[PDB]
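> Encoded as structure tokens, here's the structure I'll be asking about.
No lab work stands behind these numbers, since they all come straight from the coordinates. FYI the Cβ positions are ideal-geometry reconstructions off the backbone, even for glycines, and counts take in every protein chain you see.
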Amino acid sequence: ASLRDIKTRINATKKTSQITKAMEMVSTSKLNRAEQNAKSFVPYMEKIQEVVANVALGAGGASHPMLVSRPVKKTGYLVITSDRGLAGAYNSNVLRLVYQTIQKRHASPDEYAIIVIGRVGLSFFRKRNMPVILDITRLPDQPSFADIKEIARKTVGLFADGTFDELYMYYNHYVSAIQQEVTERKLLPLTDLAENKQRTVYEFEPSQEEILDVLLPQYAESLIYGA
Amino acid sequence: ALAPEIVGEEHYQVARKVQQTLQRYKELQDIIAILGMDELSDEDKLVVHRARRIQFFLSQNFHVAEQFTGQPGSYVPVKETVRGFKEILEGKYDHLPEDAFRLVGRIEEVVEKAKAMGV
Amino acid sequence: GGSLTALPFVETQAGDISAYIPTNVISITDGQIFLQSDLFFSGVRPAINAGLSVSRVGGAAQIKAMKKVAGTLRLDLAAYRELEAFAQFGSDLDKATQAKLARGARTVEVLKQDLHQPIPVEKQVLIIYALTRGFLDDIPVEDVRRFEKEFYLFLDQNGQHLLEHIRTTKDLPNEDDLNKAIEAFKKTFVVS
Amino acid sequence: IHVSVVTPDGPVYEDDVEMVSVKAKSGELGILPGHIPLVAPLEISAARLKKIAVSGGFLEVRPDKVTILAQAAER
């Protein structure tokens, strides 16, 4: 109960408080920048979704391998995690969801496949003895399309090569600054596609089939980047 | 009298391991207080998970305390205590709620109390 | 009409002002000046701390020019003292964080001094006016001392009437003349 | 008509021109104002409105305006 021990404990706690406050303000600035990036990105998503909904309904345009359901034999998983911690339950929730989904109905080691975005998820899956396909890490704090254009193109191509008949992705959705959701969905299999009631038939310079062939990967990449 | 040649060899190892896990849990109290449980390694979370159970299983219900609470009271021989703490340290009862360990005599009573709790 | 001013000294051990004599003498005087040992070692002369120094007589012991000039300086230093420890982490709010850091660094460089060679009050008023009106942002931090020295040299030749006006009247000269003089000096000072 | 060339990162150009000409994968083509709705891919080339680089695009011709959903549409 000496005064010196109490004084040194007070000093250490004060220094830790300084560290935490500094990190808090830096994170507020980064949140502002990330919101700017997302809101700047949205218009292209709006336009491409409108165009694809306009073209891919009626007047034929069916039987596309990217849009027709297929007997599933191998499944792939895409997860978006972080690189370092200091985030409360941001990584653990999504990793727990992925682990429980895999251990539910994915018994065969060759049945499933994983591709990660964050180093935390990669280390998690290494410790848990699962096989990965690709790993990208050290992504910047304000990433854009050119950062993992190649990774996304490789993913959509390997699905197009027939490796996985089903594709799934798991990530965190920003509801508010405090509330945070953990969401999941199929991406590439495209069992259900959206539609709009303002469609225009238009004309097809390369015909509908080739038009869809070139269009669909852009849709996949745009959805990935929105997530 | 806590010597290997006086009480035995199993007893000594069990007691030393229990004390080691309690000390390790004691070392992590400040960082849990400030940061939280989300910034720990897997081994540290396992240490905390077993330490809370051990600390709750060190309690008991007494004969002379019946007029306060109501439970009749318990008596446990040495071998049963060593067996129970050996099972706890082995991760045999890691799925039960941490509250089922409070104020019981033996570990079979822990199992019964967890069963009556809906688990 | 005579007077007598007193400046007692009290020395502390490890910066502990809770001791018997230090608390005895603090409660008798009209305010205190605090000197820190951290600032002395780094090379700040004098190592005065404005966060714990007070003067209960206040502005009644000041001239009109110093009163009109010192409030903005006090507010700027108070603002800078809070965020000084977080300069390692940039990428803060670009609006009013690094601007305040730059203003505070320029303030801290102005208040430095060397042994002996005191400064006349008109020169102090003019340099603090130049700092507070935004006339020093272009000049980098490493040249503030040389800028103020060459400004003092400049005023001795072509600023011979502003100083006389402050000495005779005790009020700072016209704003437009001051602005023109400071603008004229800046065109000659070559910045490295 | 005025054109809007947009990359996924954000809008790139919103220049207004009297005549528009957009190269296609099948063959080069110009678009008359008040055109029929047309859909065509974009080959890797430099588009020339003539009153910018493109590698990966999608021509969405509509009479009201022409929008180029290009990717990496630098200048």
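> Please work out if A:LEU86 is part of a loop (DSSP other than H, G, I, E, B) and in contact with a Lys or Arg (Cβ under 8 Å, 6 or more places away or on another chain).
Considered against the rule, which asks whether it is part of a loop (DSSP other than H, G, I, E, B) and in contact with a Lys or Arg (Cβ under 8 Å, 6 or more places away or on another chain), A:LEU86 comes out as no.
> Something else now. Given the condition within 12 Å of chain A (Cβ to nearest Cβ) and either surrounded by 20 or more Cβ atoms within 10 Å (Cβ to Cβ) or closer than 15 Å to A:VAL51 by Cα (or both), answer yes or no: does some residue in the range D:13-25 qualify? Show your work before the answer.
Of all residues in the range D:13-25, those within 12 Å of chain A (Cβ to nearest Cβ) come to D:14, D:22-25.
In the following step, the residues that additionally are either surrounded by 20 or more Cβ atoms within 10 Å (Cβ to Cβ) or closer than 15 Å to A:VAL51 by Cα (or both) were identified as D:22-23.
Within the range D:13-25 (the criterion being within 12 Å of chain A (Cβ to nearest Cβ) and either surrounded by 20 or more Cβ atoms within 10 Å (Cβ to Cβ) or closer than 15 Å to A:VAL51 by Cα (or both)), the answer is yes, since at least one residue qualifies.
> Taking the residues in the range D:46-75 that are over 11 Å from the mean Cα position of the chain (by Cα) and polar (S, T, N, Q) as candidates, determine which candidate is nearest to the other protein chains (Cβ to nearest Cβ).
D:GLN71
> Quick test for you: out of A:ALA53, A:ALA38, pick the one residue that is assigned to a helix (DSSP H, G or I) and closer than 21 Å to A:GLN142 by Cβ.
Working: A:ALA53 fails: closer than 21 Å to A:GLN142 by Cβ.
Selected residue: A:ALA38, the only one of A:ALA53, A:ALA38 that is assigned to a helix (DSSP H, G or I) and closer than 21 Å to A:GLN142 by Cβ.
> With the requirement that a residue be among the charged types (D, E, K, R) and either in contact with an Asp or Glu (Cβ under 6 Å, 6 or more places away or on another chain) or at the interface with chain A (Cβ under 10 Å from one of its Cβ atoms) (or both), what does the range C:84-124 give you? Before you say what the answer is, go through the steps one by one.
Here is the first cut: in the range C:84-124, the residues among the charged types (D, E, K, R) are C:84, C:92, C:94-95, C:100, C:103, C:106, C:109, C:112, C:114, C:122-123.
Residues satisfying the conditions are C:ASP92, C:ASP94, C:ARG103.
> If you scan the range A:69-94, which residues turn out to be over 20 Å from A:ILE151 (Cβ atoms) and either within 13 Å of the chain's Cα centre (by Cα) or of a type in the set (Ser, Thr, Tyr) (or both)? I'd like the intermediate steps shown before the answer.
So the first thing to find is which residues in the range A:69-94 are over 20 Å from A:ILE151 (Cβ atoms), and the list is A:69-73, A:84-90, A:92-93.
A:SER69, A:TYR90, A:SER92 - these are the residues of the range A:69-94 that are over 20 Å from A:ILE151 (Cβ atoms) and either within 13 Å of the chain's Cα centre (by Cα) or of a type in the set (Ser, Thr, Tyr) (or both).
> Okay, moving on. Could you tell me which numbered condition B:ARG52 fails, if it satisfies all but one of (1) surrounded by fewer than 17 Cβ atoms within 10 Å (Cβ to Cβ); (2) in a loop (DSSP other than H, G, I, E, B); (3) within 11 Å of the chain's Cα centre (by Cα)?
Only one criterion in (1) surrounded by fewer than 17 Cβ atoms within 10 Å (Cβ to Cβ); (2) in a loop (DSSP other than H, G, I, E, B); (3) within 11 Å of the chain's Cα centre (by Cα) is unmet by B:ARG52, namely (2).
> Let me ask another. Can you name the condition, by its number, that D:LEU42 falls short on among (1) within 13 Å of another protein chain (Cβ to nearest Cβ); (2) out of contact with any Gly (no Cβ under 9 Å at 6 or more places or on another chain); (3) not acidic (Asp, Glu)?
(2)
> Which members of the range C:149-169 meet the condition of being among the acidic types (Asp, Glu) and closer than 11 Å to C:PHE185 by Cβ? Before you say what the answer is, go through the steps one by one.
Within the range C:149-169, the subset among the acidic types (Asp, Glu) is C:150, C:156, C:164.
Answer for the range C:149-169, where residues must be among the acidic types (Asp, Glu) and closer than 11 Å to C:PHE185 by Cβ: just C:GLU150.
> Moving to a separate point now. Report yes if some residue within the range A:103-111 is closer than 18 Å to A:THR81 by Cβ and among the aliphatic types (A, V, I, L, M); otherwise report no.
Checking the range A:103-111: not a single residue is closer than 18 Å to A:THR81 by Cβ and among the aliphatic types (A, V, I, L, M).
> A follow-up question, please. Mind listing whichever residues of the range C:14-28 are over 17 Å from C:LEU52 (Cβ atoms) and either in contact with a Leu (Cβ under 7 Å, 6 or more places away or on another chain) or among the polar types (S, T, N, Q) (or both)? Break it down into steps so the answer makes sense when it comes.
Quick first cut of the range C:14-28, residues over 17 Å from C:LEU52 (Cβ atoms) only: C:20-21, C:24, C:28.
C:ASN24, the sole residue that qualifies.
> Considering only the range A:186-211, state which residues are out of contact with any helix residue (DSSP H, G or I) (no Cβ under 7 Å at 6 or more places or on another chain) and within 14 Å of chain D (Cβ to nearest Cβ).
Initial filter on the range A:186-211 (out of contact with any helix residue (DSSP H, G or I) (no Cβ under 7 Å at 6 or more places or on another chain)): A:186, A:189-193, A:197-198, A:201-203, A:205-210.
Answer for the range A:186-211, where residues must be out of contact with any helix residue (DSSP H, G or I) (no Cβ under 7 Å at 6 or more places or on another chain) and within 14 Å of chain D (Cβ to nearest Cβ): A:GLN198, A:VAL201, A:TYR202, A:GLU203, A:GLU205, A:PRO206, A:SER207, A:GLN208, A:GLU209, A:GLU210.
> Determine, yes or no, whether C:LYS68 is in contact with an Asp or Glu (Cβ under 6 Å, 6 or more places away or on another chain) and on the phi < 0 side of the Ramachandran plot. Show your work before the answer.
Working: in contact with an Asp or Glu (Cβ under 6 Å, 6 or more places away or on another chain): no; on the phi < 0 side of the Ramachandran plot: yes.
Against the criterion (in contact with an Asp or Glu (Cβ under 6 Å, 6 or more places away or on another chain) and on the phi < 0 side of the Ramachandran plot), C:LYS68 does not qualify.
> For the range A:71-98, which positions are exposed (fewer than 14 other Cβ atoms within 10 Å of the Cβ), more than 12 Å from chain B (Cβ to nearest Cβ) and among the hydrophobic types (A, V, I, L, M, F, W, C)?
The answer is A:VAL72, and nothing else.
> Let me confirm something: among A:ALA152, A:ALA146, which residue is of a type in the set (A, V, I, L, M), buried (at least 19 other Cβ atoms within 10 Å of the Cβ), within 14 Å of chain D (Cβ to nearest Cβ) and under 25 Å from A:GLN36 (Cα atoms)? Talk me through it step by step, then tell me what you get.
On the way: A:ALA146 fails: buried (at least 19 other Cβ atoms within 10 Å of the Cβ).
Only one candidate qualifies: A:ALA152.
> Taking the residues in the range C:134-179 that are among the β-branched types (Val, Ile, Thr) and outside any loop (DSSP other than H, G, I, E, B) as candidates, determine which candidate is surrounded by the fewest Cβ atoms within 10 Å (Cβ to Cβ).
From the range C:134-179, those among the β-branched types (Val, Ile, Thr) are C:139, C:141, C:144, C:166, C:168-169; that's our starting set.
Checking which are outside any loop (DSSP other than H, G, I, E, B) leaves us with C:141, C:144, C:166, C:168-169.
Details: C:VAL141: 12, C:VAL144: 20, C:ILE166: 22, C:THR168: 8, C:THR169: 12.
Selected residue: C:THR168.
> Among the residues of the range A:32-51, is there at least one that is within 14 Å of chain D (Cβ to nearest Cβ), surrounded by 17 or more Cβ atoms within 10 Å (Cβ to Cβ), touching a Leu at 6+ places or on another chain (Cβ under 8 Å) and of a type in the set (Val, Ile, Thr)?
Yes, that holds for at least one residue.
> On to the next question. Any residue in the range D:31-46 that's farther than 11 Å from D:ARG62 by Cα: show its pairings with residues that are of a type in the set (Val, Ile, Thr) and not in a strand (DSSP E or B) at Cβ separation under 9 Å, as long as the two are six or more apart or on different chains.
Here the result reads D:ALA40/A:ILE211; D:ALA40/D:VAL22; D:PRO41/A:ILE211; D:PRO41/A:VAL214; D:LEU42/D:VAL22; D:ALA46/D:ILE52, each pair linking the range D:31-46 to a residue that is of a type in the set (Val, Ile, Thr) and not in a strand (DSSP E or B).
> Give me the pairs, please: first residue somewhere in the range A:215-227 and β-branched (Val, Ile, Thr), second residue anywhere and part of a helix (DSSP H, G or I) and surrounded by 20 or more Cβ atoms within 10 Å (Cβ to Cβ), beta-carbon distance under 7 Å, and either six or more positions apart or on two chains.
Here the result reads A:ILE224/A:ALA152, each pair linking the range A:215-227 to a residue that is part of a helix (DSSP H, G or I) and surrounded by 20 or more Cβ atoms within 10 Å (Cβ to Cβ).
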